[PDB]
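Colleague:
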Ligand SMILES: [Zn+2]
Ligand SMILES: [Zn+2]
Ligand SMILES: [Zn+2]
Ligand SMILES: [Zn+2]
Ligand SMILES: [Zn+2]
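Chains as they are written, first to last, in this note's numbering: chain A, 1 to 237; chain B, 238 to 388; chain C, 389 to 668.
#1: With respect to 7 Å, is the separation between the Cβ of residue 234 of chain A and the closest non-hydrogen atom of ligand 2 below this value?
#2: Applying the criterion that 16 or more other CB atoms from any shown protein chain within 10 Å of the CB defines a buried residue, is residue 3 of chain A buried or exposed?
#3: Got a sec? Which residues, its chain only, sit under 8 Å from residue 556 of chain C by beta carbon, not counting five neighbours each side?
#4: Taking only beta-carbon positions, decide if residue 605 of chain C is within less than 8 Å of chain B.
#5: How would the residue list near ligand 4 read, in chain order, if you kept each one whose beta-carbon is closer than 6 Å to any heavy atom?
#6: Closer than 7 Å by C-beta to residue 471 of chain C: which residues in its own chain qualify, once you throw out the five before and the five after it? Chain order, please.
#7: Can you tell me which of the three DSSP states residue 133 of chain A falls into?
#8: Taking C-alpha atoms, which residue in A:84, A:72, A:29 lies nearest to residue 12 of chain A?
#9: Would you report the Cα separation of residue 455 of chain C and residue 601 of chain C, rounded to the nearest angstrom?
#10: Figure out for me which residue from B:323, B:310, B:318, B:326 has the closest Cα to the Cα of residue 366 of chain B.
#11: Could you give the first and the last residue of the continuous beta strand (DSSP E) run that contains residue 30 of chain A?
#12: Assign residue 579 of chain C to one of three DSSP states: helix, strand, or coil.
#13: Taking just the CA atoms, how far does residue 35 of chain A sit from residue 64 of chain A?
#14: Am I right that residue 117 of chain A and residue 68 of chain A are in contact with their C-beta atoms under 8 Å? What's the rounded C-beta distance?
#15: Once DSSP output is grouped into helix, strand and coil, what is the label at residue 448 of chain C?
#16: Let me know the secondary structure DSSP gives residue 529 of chain C once reduced to three states.
#17: CA-CA distance, residue 157 of chain A and residue 539 of chain C?
#18: What residue range does the alpha helix (DSSP H) around residue 614 of chain C cover?
#19: Based on the DSSP output, what are the partners of residue 167 of chain A in its beta bridges?
#20: Note down the Cα distance separating residue 497 of chain C from residue 422 of chain C, rounded to an integer number of angstroms.
#21: DSSP three-state call for residue 290 of chain B: helix, strand or coil?
#22: Please say whether residue 640 of chain C and residue 647 of chain C have beta carbons closer to each other than 8 Å?
#23: For the alpha helix (DSSP H) containing residue 241 of chain B, list its first residue and its last residue.
#24: Using a Cβ-Cβ cut-off of 8 Å, state whether residue 329 of chain B counts as contacting chain C.
#25: For residue 39 of chain A, collect the residues of the same chain with a Cβ closer than 8 Å to its Cβ; drop the 5 residues on either side in sequence, then sort them by chain order.
#26: Given 7 Å as the limit, tell me if residue 207 of chain A has its C-beta closer than that to any heavy atom belonging to ligand 1.
#27: Compute the minimum distance between the beta carbon of residue 398 of chain C and the heavy atoms of ligand 7, and state whether it is under 7 Å.
#28: Give the interface partners of residue 92 of chain A over in chain C, defined as CB-CB distance under 7 Å, in chain order.
#29: Establish whether the CB of residue 591 of chain C and some CB of chain B are separated by less than 8 Å.
#30: Between residue 610 of chain C and residue 583 of chain C, how many whole angstroms is the CB-CB distance? I'm expecting something under 8 Å.
#31: In chain B, which residues lie with their C-beta within 7 Å of the C-beta of residue 86 of chain A?
#32: Count the other C-beta atoms from every protein chain shown that fall within 10 angstroms of the C-beta of residue 373 of chain B, then say buried if there are 16 or more, exposed otherwise.
#33: In three-state terms, what does DSSP make of residue 84 of chain A?
#34: Could you give the DSSP three-state label for residue 160 of chain A: helix, strand or coil?
#35: Using a Cβ cut-off of 8 Å, pull out every chain A residue sitting near residue 457 of chain C, in sequence order please.
#36: Go to residue 211 of chain A, then tell me how far its beta strand (DSSP E) extends in each direction, as first and last residue.
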């Protein structure tokens, strides 16, 4: 019961930018906030599970499945091995997240995925990122998300299709207090608490040639491919 | 491509000194101020007031707000229809000229109406309608700039 | 795959709509399965439309204009549950209303008319057999779902224009016949997407949480996640070949050479619809 997969944004280009920005919030002061929420999920019930995924560039390693002193010393040594194409990939990590939930749901459970996104969104994976949301919506898997600086437009649609929460933190070093407040309770205890409501949804699409975010465009009538301001003929078939 | 090769360098050396847990994860000051953030009196302005005040009890103003819907709505459906058909004919050009003055006449007949109704308390929001006439305003500016580019 | 459809649904309002052998009112069993039909139609068809016409006392009246609102049809069928249903219907008048405003759709669609007909008699002031020559010219595909019998003019109307004609066994057969019409048979429109909760991008006309077109500027406002579900049929994913440690679940694709398992090979192809190794 209550399996919680955390997908951390381990983008080594954005985290190195803040490591020299002297903003007093590095990666090592953020993975330990995942480790405390990882440890605090293993206390609210006896039979609770955990899985942490790290989103590198061109790689996405599982962290925790390779008492809590053997559950935190693995995530410490794996960040020490993974952190030693200038945009991160997120849909490859949520694809492994839906694969791990589906296997652990075969050995029995309500599950949910918490994404801690840090860098800006990559619109080049919108055709794949939207597939893993409907694959998660058909199994009632919540996709919660907390963002650090910039509102990811793709990630707000993940929390409203599935039914999760979207929360923009205003402060970097108070990350753990938001994580323990709105993402620590499960789906059933969420109905009995007050959470901040979603404030905005970023509904756009992408062209099939430029993949730009369009608000007014042209769709085909048989292919349903949305296009930019040309509309000569159906390009696909 | 000069800052990518060093920020990737700076994050590799950072991941040797690692895992402080006791006091380096949170502070007592920042976590206490976060309680004020998620309280119903903090960054929850939608939580403190759920229903719009509408400058009075919403019976008489919402009658005029419904009349302000029909006064701008059924005039803009004549504006956007002739704007839709590009046509490049004199009949559509004269209709665009005829709708130009009326849309300008729709401004002063709604601004004075918002100067009469919202002077008793000035409590409700009336500018939500105003961008719909402002969208009718700048669409005449960009078409005249396009017709100057077309000719 | 399928194309756009502009489907009218013609509902009978005869004297014989108060008959048994259904739910105890024959009209309210038709309106019950039609409200299920409108919901299932807009989910397998994203950008289509539905009109609903009724016939009563030798006249046809358009109950709902042809618009793609999946809510405005259901709240109007719930209003017409207590219709009086006096007189005999007409089939020339109903296919004239459903032709004066279905002739002007563009030619890259599949215009259709579905007549749910309970009465046996179509008292109409003109000849029917020139409409069927006219409906065949306008490429309209008229299909009839009949009740309790088989009228001759409803087979000529179905097989000449191109539709089908079926007769009800019971209420379970009636729900099965309507589910054959939700599937589409095998040009570029201008929509505007609806960022900011639900606003309008062309003229800032705020309204409720609908995929309906703009009532002022006349632009269709669709939701881009709704169109996203109908992908993955075009450039679909291929199957794998098979002969410990996995790549998806961590405990064989021929594109990127990534080993899967049996519990992952059933999940990538069926529900995930995208290879988790190919996204890297
Ligand atoms: Zn096409
Ligand atoms: Zn484009
Ligand atoms: Zn509009
Ligand atoms: Zn596997
Ligand atoms: Zn592959």
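In this text, a Cβ means the ideal position worked out from N, Cα and C, and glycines have one as well.
Modeller: The answer reads as follows:
#1: No, the Cβ of residue 234 of chain A stays beyond 7 Å of every heavy atom of ligand 2.
#2: By the neighbour-count rule (16 or more Cβ atoms within 10 Å), residue 3 of chain A is buried.
#3: Answer for residue 556 of chain C: 533, 534, 535, 536, 562, 565, listed in chain order.
#4: With 8 Å as the cut-off, residue 605 of chain C counts as an interface residue toward chain B.
#5: Taken from the N-terminal end onward, the list reads C:634, C:636, C:637, C:648, C:649, C:651, C:652.
#6: The residues 401, 415, in chain order, have a CB closer than 7 Å to that of residue 471 of chain C in the same chain once the five nearest residues on each side in sequence are set aside.
#7: Residue 133 of chain A: helix per DSSP, three-state reduction.
#8: Of the residues A:84, A:72, A:29, the one whose Cα lies closest to the Cα of residue 12 of chain A is A:84.
#9: Their backbone Cα atoms lie some 8 Å apart in a straight line.
#10: The shortest C-alpha separation from residue 366 of chain B is found at B:310.
#11: Judged by DSSP secondary structure, residue 30 of chain A falls outside any beta strand (DSSP E) and instead within the alpha helix (DSSP H) spanning 28 to 41.
#12: Collapsing the DSSP output to three states places residue 579 of chain C in a strand.
#13: If you take the alpha carbons of residue 64 of chain A and residue 35 of chain A, they lie about 10 Å apart.
#14: Residue 117 of chain A to residue 68 of chain A, Cβ: 26 Å. No contact.
#15: Three-state DSSP puts residue 448 of chain C in a strand.
#16: It is a strand residue.
#17: Using only the alpha carbons, I get a separation of about 51 Å.
#18: It spans 612 to 616 - the alpha helix (DSSP H) in which residue 614 of chain C sits, taken as one unbroken run.
#19: The bridge partners DSSP lists for residue 167 of chain A are A:146.
#20: Roughly 23 Å separates the two Cα atoms.
#21: Of the three classes helix, strand and coil, the one that applies to residue 290 of chain B here is coil, per DSSP.
#22: Their beta carbons are under 8 Å apart, which means residue 647 of chain C touches residue 640 of chain C by this criterion.
#23: Taken as a continuous stretch (DSSP letters only), the alpha helix (DSSP H) holding residue 241 of chain B covers 241 to 251.
#24: Taking Cβ atoms only, chain C never reaches closer than 8 Å to residue 329 of chain B, which makes this a no.
#25: 68, 71, 72.
#26: Result no, Cβ not under 7 Å from ligand 1.
#27: Ligands in the displayed structure: ligand 1, ligand 2, ligand 3, ligand 4 and ligand 5; ligand 7 is not one of them.
#28: The answer, in chain order, is 664, 667, 668.
#29: Taking Cβ atoms only, chain B reaches closer than 8 Å to residue 591 of chain C, which makes this a yes.
#30: Going by Cβ atoms, the distance from residue 610 of chain C to residue 583 of chain C rounds to 12 Å, so no, they are not a contact pair.
#31: 241, listed in chain order.
#32: Flag for residue 373 of chain B reads buried.
#33: In this structure, residue 84 of chain A counts as coil in the three-state DSSP scheme.
#34: The three-state secondary structure of residue 160 of chain A, taken from DSSP, is helix.
#35: Within chain A, no residue comes near residue 457 of chain C; the closest Cβ sits about 18 Å away, beyond 8 Å.
#36: Careful: residue 211 of chain A lies outside any beta strand (DSSP E) and carries neither H nor E.
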